[PDB]
Amino acid sequence: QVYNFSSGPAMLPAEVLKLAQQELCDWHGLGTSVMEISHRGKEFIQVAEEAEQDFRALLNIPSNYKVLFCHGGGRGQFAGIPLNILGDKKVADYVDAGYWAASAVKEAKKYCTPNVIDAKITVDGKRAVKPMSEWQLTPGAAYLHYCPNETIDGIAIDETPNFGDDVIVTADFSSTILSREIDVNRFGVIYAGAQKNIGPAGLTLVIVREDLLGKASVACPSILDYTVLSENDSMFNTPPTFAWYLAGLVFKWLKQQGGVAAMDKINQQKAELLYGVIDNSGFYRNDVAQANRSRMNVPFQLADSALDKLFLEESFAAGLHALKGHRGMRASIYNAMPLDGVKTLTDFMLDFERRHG
Amino acid sequence: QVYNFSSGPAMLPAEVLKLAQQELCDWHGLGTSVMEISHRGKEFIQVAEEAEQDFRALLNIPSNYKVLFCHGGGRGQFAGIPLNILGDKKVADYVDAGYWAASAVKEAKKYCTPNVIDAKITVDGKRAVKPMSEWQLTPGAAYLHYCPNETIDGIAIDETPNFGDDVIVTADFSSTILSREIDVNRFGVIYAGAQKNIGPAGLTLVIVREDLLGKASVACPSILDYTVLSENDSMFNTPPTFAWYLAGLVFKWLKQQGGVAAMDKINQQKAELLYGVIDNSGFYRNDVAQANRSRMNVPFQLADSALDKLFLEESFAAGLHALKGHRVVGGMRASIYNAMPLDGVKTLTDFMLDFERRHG
Ligand SMILES: Cc1ncc(COP(=O)(O)O)c(C=O)c1O
Ligand SMILES: Cc1ncc(COP(=O)(O)O)c(C=O)c1O
C-alpha cells in the first residue's frame, strides 16, 4: 500500500479514484466519458448542480452565498479578490503570518496599496499568530484577507472571525476547507484551490456573499469575474469538467463518511498521533505553537539534516511518498488520508530514529 | 459503438482514454495516479517537458516561440491577449466573421479600443469571408486578431497570413489546431482551448513569439501573464496536471497516426464525405461557401426543422451523440475533430441518408 503525503496536487480518496477508473471510458452507460460530454448537456448539468448542492450542504453554506467553480487556482484568486471586490477603494488589509498570505499580498500590489498586518509572534520559543482581536484594521478598507492554513509553514488560524459588519473577511482555505466545521456567515469570500480536499488540480472553489457582486473592475477578465460567473452558474465558458466531476465524487464520498464533523474527528486523531510522535522524540522537531498547529500540513525537521536524503529515499521505498519539506519534511494528511496511513508513517519514523538517532 | 460529435468538450482518442483508464490508480509503477503527484517532481516534469517537445514537433514550432500550458480556457485568452501584448497601445484590429471572433471583440473592449473589421460576405447565396487583402488594418495597431475556425458557424479562414513585420497576427485556433500543417512563423500568438484537438477541458495552449514578452499590463493576473508563465515553464502555480498529462498522451497518439500531415488527409476525406451527402440531398442543407467550409465543425439544417427532435432522438439511439446545433443558431452540427475516425463520419452519413429515406 502506498500512502501519498503530497501537499498538492494531493491524494484523492482511494474509493473515488477507483470509481473514476471504473467509469472513465463509459460513464453512466452513455458510452462516452464524463470528460467528453457537453457542459451544457442535461447530464453534465446534473453533475455540476449536485456538486454545488453537496458542497453547500457539507459546509452548511447559507443561501446568500454563491458557490463558484472556477479556473486559475489559488493564485488566480490572489488577483480575483482585488479585481472583484475593491470597488472604488484603494486599500485592503492583508494579514501576513506565512508564505501564502505573503504571496497574496504580492499579487494585491498590482491592484491597490495593501496595508500589511504582521501577525507573526513567538511564544515561549514557538511560532504563533496574533489573535484576531489584536489585528489593527484600516477603517473603510475594502476587505480583510488572511490564510487560515499556511500549507508550507504548518500554521493554522482556527478562530472564527467576529469583526464588525463593515469588515469584509476574505480567506484562503485551500489546504483546510472541509476538514472542520466553519461559520461561513462570518465571511465575505472563502476560496480554495481544489487540489487538497476537493478534487484534482485545475479547479478552484469560491464562496462569495451575494451583496459583494456587481462592483468588479472593468479590468477583471470575465473568466475571473464573480458576477459573470454567478450569472452563468460557473459555465460562462467551458469548465474543467473532469475536475468538477471528480470534486462531485469527493463530495459524495464525504457524505458517505458522515460529512465534515466526521472528518474533523478523524483528522484530530491523525494529528494527535503524528504530533505526539514528533514531540516525544528528541530526533524530530516541530516548533509551531500548539494552538496554531495545522492538522493538515505537518512540517518537521530531523536533528541531523544530513539524514534528510536517506529519510526521503527509505520512506519512499516503504510506500510513504512525497514527504519533502520546503527549502526538513512535511507530511500532508488531508481528509483523504486514512488514520492507517499516519500510523504507517509514524511507525516508519520511530524505526528510522532507532536506526540513526 | 458510440460516435460523439460534441463540439467541446469533445471526444478523446479511444486509445488514449483506455490507456489513461488502465493507469489511473497506479501510474508508471508509482502506486499513485499521475493526478496525485507534485508538478515539480521529476516524474511530472518529464510528462510536462515531453508534452511540450511533442507539441513543438507536431506543429513544427520554431525555437523563438514559447509554448505555454495555461489555465482559463479560450475565453481566458480573450483577456490574456490584450493584457499581454497591447503594451502602451490602445488600438488593436479585430476581424469579426463569426460568433467566437465577436466574443473576442467584446472582451477586448475592457482593455482597448478594437477596430472591428467586418469580414462577412455573401457570395452566390453562400456565407464567405473577405480575403485578407480587404481587411483594412490600422497603422500602428498593437496586433491583429482573428478566428480561423468558427466552431458554431462552420466557417474556416484557411488562408495563410502574409502581412508585414509590423503586423502582429494573433489567432484563436481552438477548434482546428493540429488538423492541418500551418506556418507558425506567420503568427505572433496562436492559442487554443485544449478541449477539441489537444486534451480535456481545463487546459489551454498558447504559442507566443518570444519578442512579444516583457510588456504585460501590471493589471494582468500573474496566472495569465505570458512573461511569468514562460519564466516558470508554465508552472508559476499548480497546473491542471491531469489535463496536461492527457494532452501529452494525445500528442503521442498523433505521432502514432503519422502526425499532422496524416490527419490532414483523413480530415479531408471526412469533410468531403459529409459535405457531399449534405450537398447532394434535398433534405439537408449547409450554406457556407466552399472555400470557407470548416472541416472540423459542420453545421446543417433539415428541410423540415419540425423533424429536428426526431433526428436527435434517432441519431442518439443509433450511437451518434451530440449533433444538436448551438443554441444561438439551432439546426444540427457535426463536430468531426482529429479523434473522430472516418468510420464515424461514414456511420453518420449512412444514418442521415436512412433518416431522409424514412421521413423525407
Ligand atoms: C494556502 C494555499 N494558498 C495558495 C496555494 C496555491 O495554489 P495554486 O497552485 O492552485 O495557485 C496553495 C497550494 O497550492 C495553498 O496551499
Ligand atoms: C473558436 C473558439 N473560441 C473560443 C472558445 C471558447 O473556449 P472556452 O470555453 O475554453 O473559453 C471555443 C470553444 O469552446 C472555440 O471553439
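Cut-off values and rules
Residues numbered from 1 in each chain as written, not as in the entry; some residues may be left out. Chains lettered and ligands numbered in written order. Heavy atoms only, no water. Residues with missing side-chain atoms left out of burial classes, pairs and counts. Helix = DSSP H or I, 4+ residues; strand = E, 2+ residues; numbered from the N terminus. Rg over C-alpha atoms; globule rule 2.2 N^0.38 Å. UniProt positions renumbered as here; feature names shortened; annotations may be inferred. Contact = heavy atoms within 4.5 Å. Pairing = 2+ DSSP bridges. Axes fitted to C-alpha atoms, helices over the stretch in contact; angles between N-to-C directions. Near = heavy atom within 4 Å. Polar contact = N/O pair within 3.5 Å; in protein donor to acceptor, adjacent residues only side chain to side chain. Areas by Shrake-Rupley, 256 points an atom, 1.4 Å probe, with all protein chains shown as cover. Buried < 20%, exposed > 50% of the residue type's maximum accessible area, 1.4 Å probe, protein only. Salt bridge = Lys/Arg side-chain N within 4 Å of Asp/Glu carboxyl O. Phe/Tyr/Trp six-rings, centres within 6.5 Å; stacked < 30°, edge-to-face > 60°. Buried area = accessible area lost by both parts, 1.4 Å probe. Nonpolar A, V, L, I, M, F, W, Y, C, P; charged D, E, K, R; others polar.

In the PDB header, X-ray crystallography is given as the technique by which the entry was determined, and 1.50 Å as its resolution.

## Focus: the overall build of chain A
Helix and strand content of chain A: nine helices and 16 strands. Here the C-alpha radius of gyration of chain A, 21 Å, is about what a compact globule of 357 residues would show, namely 21 Å. C-alpha atoms of chain A, sized along the principal axes, occupy 60 × 55 × 30 Å.

## So, the UniProt feature "binding site: pyridoxal 5'-phosphate" (unreviewed entry) in chain B
Residues and elements named next belong to chain B. Those places that UniProt annotates as "binding site: pyridoxal 5'-phosphate" (unreviewed entry) correspond, in this numbering, to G74, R75, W100, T151, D172, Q195, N237 and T238. Their sequence span is 165 residues, while the largest C-alpha to C-alpha distance among them is 30.4 Å; these annotated residues do not converge on one region. Locating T151 in the fold gives a position in the loop between β8 (149-150) and β9 (155-156). For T151, the contacting residues outside a window of four places in its chain are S7, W100, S175, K196, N297, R333 and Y337.

## Section: the sheet that holds strand β12 (residues 204-209) of chain B
All names here are of chain B. Spatially, β2-β12-β11-β10-β7-β3-β4 is the arrangement adopted by the seven strands of the open sheet, whose pairing is mixed. Where the open sheet ends on each side, the last strands, each with one partner, are β2 (65-70) and β4 (113-118). The average angle at which neighbouring strand axes cross in this sheet is 20°, direction not considered. In this structure, strand β3 (residues 91-96) lies alongside strand β7 (residues 144-146), joined through two bridges in parallel fashion. Directly across from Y94, in β7, lies its bridge partner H145.

## Side note on the site of ligand 2
Looking at ligand 2, there are 15 residues lining it, with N237(A), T238(A), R75(B), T151(B) and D172(B) nearest. Mapping the residues near ligand 2 onto chains gives chains A and B. In this structure, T151(B) approaches ligand 2 through a side-chain N or O atom, which is 2.4 Å from an oxygen atom. The separation between a nitrogen atom of ligand 2 and a polar side-chain atom of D172(B) is 2.6 Å. In the complex, the protein chains occlude 96% of the 390 Å² of accessible area that ligand 2 would expose alone. Of all the elements, helix α3 (residues 73-85) of chain B adds the most residues to the shell around ligand 2, at four residues.

## Here's the deal with the environment of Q290(B)
Residues and elements named next belong to chain B. Looking at the element boundaries, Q290 is found in the loop between β13 (284-285) and β14 (297-302). Note on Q290: relative accessible area 63%, which makes it exposed. For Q290 and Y146, which are 144 residues apart along the polypeptide, the C-alpha to C-alpha distance reads 20 Å.

## Considering the side chain of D153(A)
On the secondary structure map, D153(A) appears in the loop between β8 (149-150) and β9 (155-156). Sequence-distant contacts of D153(A), that is, excluding residues within four places in its chain, are made with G98(A), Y99(A), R127(A), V288(A) and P299(A).

## Comments concerning the pattern of salt bridges
Residues and elements named next belong to chain B. Per the stated rule, a full pass over the model turns up 28 salt bridges over all chains. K252 serves as the salt-bridge partner of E50, at 3.1 Å between the closest nitrogen and oxygen. Placement of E50 in helix α2 (residues 42-59) and of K252 in helix α6 (residues 241-257) is noted, with a sequence separation of 202 residues between them. The class for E50 is partly exposed, based on a relative accessible area of 27%. Between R209 and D211 there is a salt bridge, with the nearest N and O atoms lying 2.8 Å from each other. Taking the relative accessible area as the measure of exposure, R209 reaches 18% and is therefore buried. What makes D211 partly exposed here is its relative accessible area of 48%.

## Some remarks on the UniProt feature "binding site: pyridoxal 5'-phosphate" (unreviewed entry) in chain A
Summarizing the sequence annotation, UniProt attributes the feature "binding site: pyridoxal 5'-phosphate" (unreviewed entry) to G74(A), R75(A), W100(A), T151(A), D172(A), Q195(A), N237(A) and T238(A) in the numbering used throughout. The residue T151(A) is located in the loop between β8 and β9 in this model. Sequence-distant contacts of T151(A), defined by excluding residues within four places in its chain, comprise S7(A), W100(A), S175(A), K196(A), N297(A), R330(A) and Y334(A). Within the fold, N237(A) resides in the loop between α5 (226-231) and α6 (241-257). Every residue in contact with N237(A), bar those within four places of it in the chain, is listed here: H39(A), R40(A), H71(A), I223(A), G72(B), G73(B) and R75(B).

## Observations concerning the packing of aromatic side chains
Scanning the entire structure with this criterion turns up 40 aromatic pairs over all chains. Among the aromatic residues, those joined into a cluster by ring pairs are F283(A), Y284(A), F300(A), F311(A), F348(A) and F352(A).

## Some thoughts on the interface of chain A and chain B
The interface of chain A with chain B comprises 56 residues on the first partner and 56 residues on the second. For the pairing of chain A and chain B, the buried interface totals around 4200 Å² over both sides, and the portion due to carbon and sulfur atoms is 63%. At the boundary of chain A with chain B, the tally comes to zero salt bridges. Run the count over chain A and chain B and you get 17 residue pairs in polar contact. Elements supplying a minimum of two residues to the side of chain A that touches chain B: α1 (14-22), α3 (73-85) and α6 of chain A. Taken together, the residues that form the side of chain A that touches chain B break down as 29 nonpolar, 22 polar and five charged.

## Some words on the site of ligand 1
Around ligand 1, the structure places 15 residues, and the nearest of them are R75(A), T151(A), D172(A), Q195(A) and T238(B). Site remark: ligand 1 is flanked by residues from chains A and B. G74(A) has a polar backbone atom sitting 2.9 Å from an oxygen atom of ligand 1. One nitrogen or oxygen atom from the side chain of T238(B) is found 2.5 Å from an oxygen atom belonging to ligand 1. Starting from 390 Å² of accessible surface for ligand 1 in isolation, the protein chains cover 96%.

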